[PDB]
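File shown: upload_16.txt (compact mmCIF, C-alpha atoms).
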```
# COMPACT_ATOMS: atom_id res chain seq x y z
CA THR A 2 39.25 -36.87 -35.13
CA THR A 3 35.60 -35.94 -35.24
CA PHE A 4 36.61 -32.35 -34.36
CA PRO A 5 40.30 -32.01 -35.11
CA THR A 6 40.45 -28.31 -34.22
CA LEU A 7 39.45 -29.14 -30.68
CA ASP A 8 42.06 -28.43 -28.00
CA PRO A 9 43.39 -31.84 -26.90
CA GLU A 10 42.60 -31.00 -23.31
CA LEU A 11 38.99 -30.39 -24.31
CA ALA A 12 39.39 -33.35 -26.58
CA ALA A 13 39.32 -35.94 -23.78
CA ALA A 14 36.17 -34.68 -22.03
CA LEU A 15 33.83 -35.36 -24.97
CA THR A 16 33.04 -39.03 -24.57
CA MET A 17 31.54 -38.49 -21.13
CA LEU A 18 29.39 -35.45 -22.12
CA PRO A 19 25.73 -36.49 -22.09
CA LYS A 20 23.44 -35.12 -24.80
CA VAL A 21 21.00 -32.42 -23.80
CA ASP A 22 18.28 -32.85 -26.37
CA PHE A 23 15.68 -30.11 -26.29
CA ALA A 24 13.14 -32.36 -27.96
CA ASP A 25 12.47 -34.14 -24.65
CA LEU A 26 12.42 -31.31 -22.19
CA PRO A 27 11.61 -33.40 -19.08
CA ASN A 28 14.63 -35.61 -19.71
CA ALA A 29 16.79 -32.62 -20.78
CA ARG A 30 16.04 -30.85 -17.52
CA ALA A 31 16.75 -34.08 -15.70
CA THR A 32 20.06 -34.81 -17.33
CA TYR A 33 20.99 -31.13 -16.83
CA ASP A 34 19.99 -30.93 -13.22
CA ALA A 35 22.03 -34.07 -12.60
CA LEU A 36 25.22 -32.72 -14.16
CA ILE A 37 24.74 -29.47 -12.19
CA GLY A 38 23.78 -31.11 -8.93
CA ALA A 39 26.77 -33.34 -8.43
CA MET A 40 29.15 -30.45 -9.08
CA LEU A 41 27.57 -28.09 -6.59
CA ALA A 42 27.84 -30.56 -3.76
CA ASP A 43 31.53 -29.95 -3.27
CA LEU A 44 31.46 -26.22 -3.92
CA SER A 45 33.29 -24.07 -1.31
CA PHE A 46 31.63 -20.86 0.06
CA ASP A 47 34.74 -19.87 1.98
CA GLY A 48 34.92 -16.10 2.34
CA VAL A 49 31.42 -15.31 1.06
CA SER A 50 27.80 -15.31 2.31
CA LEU A 51 24.62 -16.19 0.32
CA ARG A 52 21.12 -15.00 1.15
CA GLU A 53 17.90 -15.01 -0.85
CA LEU A 54 16.31 -11.71 -1.87
CA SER A 55 12.79 -11.28 -3.30
CA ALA A 56 12.33 -8.68 -6.05
CA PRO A 57 8.74 -7.68 -6.92
CA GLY A 58 7.83 -8.93 -10.44
CA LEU A 59 6.95 -6.56 -13.21
CA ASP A 60 3.23 -6.02 -13.87
CA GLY A 61 1.17 -8.55 -11.95
CA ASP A 62 4.04 -11.06 -11.90
CA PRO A 63 5.22 -13.16 -9.00
CA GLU A 64 8.26 -12.26 -6.93
CA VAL A 65 11.63 -13.00 -8.48
CA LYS A 66 14.08 -14.70 -6.16
CA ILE A 67 17.71 -13.61 -6.19
CA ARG A 68 20.67 -15.60 -4.80
CA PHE A 69 22.66 -12.68 -3.40
CA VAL A 70 26.34 -13.51 -2.86
CA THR A 71 28.47 -11.12 -0.91
CA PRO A 72 32.08 -11.11 0.19
CA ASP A 73 32.84 -11.43 3.88
CA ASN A 74 34.43 -8.54 5.77
CA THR A 75 34.30 -5.83 3.11
CA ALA A 76 33.90 -2.08 3.43
CA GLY A 77 30.88 -1.69 1.14
CA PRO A 78 29.29 -0.04 -0.82
CA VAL A 79 30.64 -2.45 -3.42
CA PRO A 80 29.87 -2.96 -7.12
CA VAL A 81 27.35 -5.60 -8.05
CA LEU A 82 27.05 -8.08 -10.92
CA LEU A 83 23.48 -9.03 -11.87
CA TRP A 84 24.05 -12.58 -13.21
CA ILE A 85 21.74 -14.64 -15.37
CA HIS A 86 22.22 -18.35 -15.89
CA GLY A 87 21.85 -20.19 -19.18
CA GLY A 88 19.96 -23.26 -20.36
CA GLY A 89 18.42 -22.27 -23.71
CA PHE A 90 15.61 -20.32 -21.96
CA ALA A 91 14.01 -23.61 -20.95
CA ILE A 92 16.35 -25.41 -18.53
CA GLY A 93 18.62 -24.54 -15.59
CA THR A 94 18.41 -22.85 -12.21
CA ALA A 95 20.20 -19.93 -10.59
CA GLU A 96 22.02 -22.29 -8.21
CA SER A 97 23.78 -23.83 -11.29
CA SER A 98 25.76 -20.55 -11.48
CA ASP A 99 26.76 -20.50 -7.80
CA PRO A 100 30.41 -21.47 -8.61
CA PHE A 101 30.97 -18.42 -10.76
CA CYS A 102 29.06 -16.07 -8.45
CA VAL A 103 31.15 -17.27 -5.49
CA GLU A 104 34.34 -16.73 -7.56
CA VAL A 105 33.37 -13.13 -8.43
CA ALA A 106 32.47 -12.26 -4.82
CA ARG A 107 35.54 -13.96 -3.35
CA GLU A 108 38.17 -12.77 -5.84
CA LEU A 109 36.85 -9.31 -6.75
CA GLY A 110 35.01 -8.28 -3.59
CA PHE A 111 31.83 -7.59 -5.51
CA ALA A 112 28.26 -8.46 -4.66
CA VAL A 113 26.56 -10.84 -7.08
CA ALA A 114 22.76 -10.87 -7.68
CA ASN A 115 22.10 -14.26 -9.32
CA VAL A 116 18.58 -14.17 -10.77
CA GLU A 117 16.02 -16.98 -10.61
CA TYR A 118 13.99 -16.13 -13.73
CA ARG A 119 11.00 -18.14 -14.86
CA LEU A 120 11.64 -20.79 -17.51
CA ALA A 121 10.00 -21.28 -20.93
CA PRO A 122 7.87 -22.71 -22.33
CA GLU A 123 5.74 -22.51 -19.16
CA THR A 124 6.54 -18.76 -19.07
CA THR A 125 7.19 -17.40 -22.55
CA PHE A 126 8.74 -14.11 -23.54
CA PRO A 127 8.43 -11.45 -22.22
CA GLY A 128 8.29 -13.12 -18.80
CA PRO A 129 11.95 -14.22 -18.38
CA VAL A 130 13.45 -10.88 -19.50
CA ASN A 131 10.87 -9.03 -17.37
CA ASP A 132 12.05 -11.06 -14.35
CA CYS A 133 15.65 -10.03 -15.00
CA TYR A 134 14.69 -6.39 -15.43
CA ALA A 135 12.56 -6.55 -12.28
CA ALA A 136 15.63 -7.86 -10.47
CA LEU A 137 17.75 -4.97 -11.86
CA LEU A 138 15.10 -2.43 -10.81
CA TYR A 139 15.08 -3.93 -7.34
CA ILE A 140 18.82 -4.01 -6.78
CA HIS A 141 19.06 -0.42 -8.05
CA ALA A 142 16.21 0.91 -5.87
CA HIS A 143 17.52 -0.85 -2.74
CA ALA A 144 21.25 -0.44 -3.28
CA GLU A 145 21.94 1.51 -0.08
CA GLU A 146 20.22 -1.09 2.05
CA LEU A 147 21.97 -3.80 0.12
CA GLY A 148 25.36 -2.20 0.41
CA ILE A 149 25.71 -1.70 -3.31
CA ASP A 150 27.13 1.20 -5.25
CA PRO A 151 24.36 1.93 -7.75
CA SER A 152 26.81 3.66 -10.12
CA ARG A 153 28.63 0.32 -10.55
CA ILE A 154 26.03 -2.23 -11.61
CA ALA A 155 27.07 -4.84 -14.21
CA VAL A 156 24.55 -7.06 -16.04
CA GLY A 157 25.83 -10.38 -17.43
CA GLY A 158 25.01 -13.95 -18.21
CA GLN A 159 25.92 -17.07 -20.15
CA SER A 160 24.35 -18.49 -23.31
CA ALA A 161 20.54 -17.93 -23.00
CA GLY A 162 21.45 -15.89 -19.89
CA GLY A 163 23.68 -13.81 -22.18
CA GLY A 164 20.69 -13.14 -24.42
CA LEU A 165 18.54 -12.26 -21.41
CA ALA A 166 21.38 -9.99 -20.15
CA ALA A 167 21.63 -8.25 -23.49
CA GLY A 168 17.83 -7.87 -23.71
CA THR A 169 17.76 -6.52 -20.11
CA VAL A 170 20.52 -4.02 -20.95
CA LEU A 171 18.60 -2.84 -24.05
CA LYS A 172 15.43 -2.47 -21.94
CA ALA A 173 17.34 -0.63 -19.19
CA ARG A 174 18.77 1.86 -21.68
CA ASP A 175 15.42 2.38 -23.42
CA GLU A 176 13.45 2.86 -20.15
CA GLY A 177 16.09 5.20 -18.73
CA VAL A 178 15.62 4.28 -15.08
CA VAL A 179 18.67 2.20 -14.16
CA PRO A 180 22.23 3.04 -15.33
CA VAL A 181 24.25 -0.02 -16.20
CA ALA A 182 28.03 0.35 -15.93
CA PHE A 183 29.15 -2.83 -17.71
CA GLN A 184 27.70 -5.68 -19.78
CA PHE A 185 29.20 -9.19 -19.66
CA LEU A 186 28.01 -11.58 -22.34
CA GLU A 187 29.44 -15.13 -22.28
CA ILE A 188 28.76 -17.29 -25.36
CA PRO A 189 25.42 -15.41 -25.67
CA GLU A 190 22.26 -16.63 -27.46
CA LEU A 191 21.15 -13.46 -29.30
CA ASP A 192 19.50 -14.16 -32.65
CA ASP A 193 16.42 -16.27 -33.32
CA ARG A 194 16.81 -15.98 -37.11
CA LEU A 195 19.48 -18.77 -37.23
CA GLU A 196 20.99 -17.47 -40.46
CA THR A 197 24.69 -17.00 -39.67
CA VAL A 198 27.17 -19.44 -41.13
CA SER A 199 27.92 -21.03 -37.77
CA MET A 200 24.23 -21.53 -37.15
CA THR A 201 23.65 -23.11 -40.60
CA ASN A 202 26.76 -25.39 -40.47
CA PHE A 203 26.95 -26.56 -36.83
CA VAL A 204 24.29 -29.29 -36.67
CA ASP A 205 25.93 -31.77 -34.24
CA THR A 206 28.54 -29.83 -32.39
CA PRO A 207 28.98 -30.64 -28.67
CA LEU A 208 26.14 -29.52 -26.37
CA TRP A 209 24.56 -26.84 -28.61
CA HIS A 210 23.69 -27.10 -32.27
CA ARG A 211 21.14 -26.06 -34.80
CA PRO A 212 18.50 -28.68 -33.73
CA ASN A 213 18.59 -27.39 -30.16
CA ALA A 214 18.55 -23.69 -31.31
CA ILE A 215 15.30 -24.12 -33.18
CA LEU A 216 13.69 -25.71 -30.16
CA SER A 217 15.05 -23.08 -27.77
CA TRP A 218 13.62 -20.11 -29.60
CA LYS A 219 10.29 -21.83 -30.19
CA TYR A 220 9.98 -22.64 -26.48
CA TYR A 221 10.91 -19.08 -25.52
CA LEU A 222 8.83 -17.12 -28.01
CA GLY A 223 5.74 -19.30 -28.04
CA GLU A 224 2.96 -20.09 -30.50
CA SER A 225 2.44 -16.56 -31.94
CA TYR A 226 6.00 -17.00 -33.24
CA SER A 227 6.27 -18.10 -36.86
CA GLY A 228 10.01 -18.70 -36.92
CA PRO A 229 13.07 -16.96 -38.35
CA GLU A 230 11.18 -14.98 -40.99
CA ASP A 231 8.81 -13.56 -38.39
CA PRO A 232 9.25 -9.75 -38.69
CA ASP A 233 7.52 -9.07 -35.36
CA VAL A 234 10.06 -10.09 -32.72
CA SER A 235 11.02 -7.86 -29.82
CA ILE A 236 14.64 -6.68 -29.64
CA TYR A 237 14.49 -7.56 -25.92
CA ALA A 238 13.84 -11.17 -27.00
CA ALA A 239 16.44 -11.25 -29.77
CA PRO A 240 18.97 -8.45 -29.24
CA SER A 241 20.61 -9.20 -32.64
CA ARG A 242 17.52 -7.65 -34.19
CA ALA A 243 18.20 -4.24 -32.63
CA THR A 244 19.26 -1.48 -35.05
CA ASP A 245 20.42 1.17 -32.57
CA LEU A 246 23.23 -0.06 -30.25
CA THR A 247 24.47 3.39 -29.28
CA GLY A 248 24.66 4.31 -25.61
CA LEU A 249 24.95 0.75 -24.41
CA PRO A 250 27.51 0.03 -21.63
CA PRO A 251 31.16 -1.08 -22.12
CA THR A 252 30.88 -4.77 -22.96
CA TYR A 253 32.80 -8.00 -22.78
CA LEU A 254 31.68 -10.76 -25.21
CA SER A 255 33.21 -14.22 -25.54
CA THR A 256 32.54 -16.87 -28.20
CA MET A 257 33.70 -20.43 -28.84
CA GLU A 258 35.01 -21.88 -32.10
CA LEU A 259 32.70 -24.85 -32.57
CA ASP A 260 29.60 -23.10 -31.16
CA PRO A 261 26.63 -22.42 -33.46
CA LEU A 262 26.24 -19.13 -31.47
CA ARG A 263 29.75 -17.98 -32.41
CA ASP A 264 28.91 -15.78 -35.41
CA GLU A 265 25.93 -14.00 -33.81
CA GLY A 266 28.22 -13.21 -30.86
CA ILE A 267 31.01 -11.80 -33.02
CA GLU A 268 28.51 -9.88 -35.13
CA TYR A 269 26.82 -8.27 -32.08
CA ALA A 270 30.21 -7.25 -30.69
CA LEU A 271 31.23 -5.75 -34.05
CA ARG A 272 27.96 -3.78 -34.29
CA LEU A 273 28.43 -2.57 -30.69
CA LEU A 274 31.94 -1.34 -31.60
CA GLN A 275 30.59 0.31 -34.74
CA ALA A 276 27.95 2.09 -32.62
CA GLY A 277 30.74 3.63 -30.47
CA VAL A 278 30.57 1.23 -27.53
CA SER A 279 33.79 0.07 -25.85
CA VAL A 280 33.96 -3.70 -26.38
CA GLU A 281 36.30 -6.55 -25.62
CA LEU A 282 35.59 -9.45 -27.99
CA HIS A 283 37.32 -12.80 -27.62
CA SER A 284 36.64 -15.87 -29.75
CA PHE A 285 38.65 -18.72 -28.18
CA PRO A 286 40.29 -21.34 -30.40
CA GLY A 287 39.70 -25.05 -30.26
CA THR A 288 36.61 -24.73 -28.08
CA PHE A 289 32.96 -25.66 -28.17
CA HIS A 290 29.74 -24.32 -26.69
CA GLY A 291 30.06 -24.94 -22.94
CA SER A 292 33.67 -26.20 -22.95
CA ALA A 293 34.34 -23.96 -19.95
CA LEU A 294 32.82 -26.94 -18.06
CA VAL A 295 36.23 -28.55 -18.55
CA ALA A 296 37.69 -26.18 -15.98
CA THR A 297 41.11 -27.68 -15.83
CA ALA A 298 41.85 -27.18 -19.55
CA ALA A 299 44.32 -24.35 -20.04
CA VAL A 300 41.99 -22.54 -22.47
CA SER A 301 39.18 -22.72 -19.93
CA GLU A 302 41.43 -21.42 -17.19
CA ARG A 303 42.55 -18.62 -19.51
CA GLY A 304 38.98 -17.65 -20.22
CA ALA A 305 38.01 -17.84 -16.57
CA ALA A 306 40.86 -15.54 -15.52
CA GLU A 307 40.00 -13.11 -18.29
CA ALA A 308 36.37 -12.94 -17.21
CA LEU A 309 37.46 -11.86 -13.76
CA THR A 310 39.88 -9.29 -15.13
CA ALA A 311 37.16 -7.95 -17.44
CA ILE A 312 34.56 -7.57 -14.67
CA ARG A 313 37.12 -6.06 -12.22
CA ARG A 314 38.07 -3.40 -14.79
CA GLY A 315 34.51 -2.83 -16.02
CA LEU A 316 33.36 -1.90 -12.52
CA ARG A 317 36.53 -0.10 -11.38
CA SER A 318 35.74 3.15 -9.57
```
Serialized structure, C-alpha cells:
Amino acid sequence: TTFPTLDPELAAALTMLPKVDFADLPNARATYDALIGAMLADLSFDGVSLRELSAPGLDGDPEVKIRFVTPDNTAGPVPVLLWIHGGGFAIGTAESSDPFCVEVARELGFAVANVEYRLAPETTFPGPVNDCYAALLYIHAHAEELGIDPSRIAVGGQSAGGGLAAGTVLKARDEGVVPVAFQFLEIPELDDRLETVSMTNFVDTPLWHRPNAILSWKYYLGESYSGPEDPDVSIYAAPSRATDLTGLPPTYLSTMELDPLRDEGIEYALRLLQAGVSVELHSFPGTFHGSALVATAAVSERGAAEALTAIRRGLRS
C-alpha cells in the first residue's frame, strides 16, 4: 500500500530490494556488484560466443574493452547492437548486461558490442561518452573483420547507459562518420536539470529517485558543474538539452510509471517524433525504475519480448 499502482507481481519483490544510495559510492558499488554477481553465475551462454575486443580510446585515452557476443553458426555479416550498461554513470560493469546481450545474440542472430566505459567520478564527462563513441568508431571501421554489416548498427543502453547511448547517437550524427541505423533507449537518464514533474515528485521511489539523480549528475559532470541552472552543459552529456533532433535514427524508448526518469523519457521521445524521427514510445503501467529485474512478472516479460521485437525490426535488412 506504499505504492498502490504497482503491479502485484512487482509488488512482492520490493521488500528484498536493497537500497543503492549514491551518497556512499563504495558501498553502492559493493551492494550493486553483489546483486549483479550472484545473478551472472547461473547465466547460460548456450548458442553464443563471447570474446573481448579492444577499441582505441579517443584522444590520448586508454583502450576501451568491448564484450563482443556473437551467435554460433551464423552466415554473417550480421547486424550489431552497441550496448551500454547503466548505473547512474558511477556504478556497474559491462558484464552486468551479459544476460541481455546473450539474449539478443541468441534470439535475433545479431552481434552485440557491450561497452566497458570508464566510470565517474574518477572519469568525468566527456570521458564515458567518448569511450562509447570510440567503441562505435571501432566497430564501424572494423566491421568486415568482425563480421558485421556496417549499414545495420544499433546503439542502445539502459538508464545512464541510455543517456550515454543518446549522447553517442547525437555525437555520431554531428560528426558524420558512422551511420547509426537504430537507437534503443531503455528507461534512459537524459536530463540533468531535474525539473520534470516526475523528477520533482519521486523522492523515494524504488531504486532511483531524486536524491540519487542529483548525486549521479554531479558525479558525472564534475566540479565545473554548477547544477541544473548551469547553461553550459554539453548536449552529449544531457541529450534533453539538444534543440535539433532531426536526422536521428528510428528509436525505441521505454519508461516506467514510478520512475523519476519517466517524464524526461516521454518528453525526449515526443520531441524526436516532432523532429520527424520514427519512434516507438512505451510507458509501462504499474512499474518502477529497474523493475525489469523482476523478470518473471508478466509486465517485465512483456517488455522484454517487445525489446527484442523492436531491435529485430529496427535492424531488418
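Separating atom CA of residue 68 of chain A from atom CA of residue 175 of chain A is a distance of 26.4 Å.
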>> Could you list, as a PyMOL selection string, every residue within 9 Å of segment 190-205 of chain A, counting only C-alpha atoms and ignoring same-chain residues fewer than 6 positions away?
In response: chain A and resi 89+159-165+167-168+211-215+217-219+228-231+234+238-242+259-266+269
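Of the residues under consideration (A:56, A:128, A:286, A:108), A:286 shows the shortest atom-to-atom contact distance to residue 303 of chain A when counting all atoms listed in the file.
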Box centre and edge lengths (Å, one decimal), axis-aligned, segment 169-182 of chain A plus 6 Å each side, as lines of an AutoDock Vina configuration file:
```
center_x = 20.7
center_y = -0.7
center_z = -19.1
size_x = 26.6
size_y = 23.7
size_z = 21.9
```
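The spacing separating atom CA of residue 300 of chain A from atom CA of residue 40 of chain A amounts to 20.2 Å.
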> From the list A:135, A:120, A:155, A:103, which residue is nearest residue 186 of chain A when using all atoms listed in the file?
Replying inline: A:155
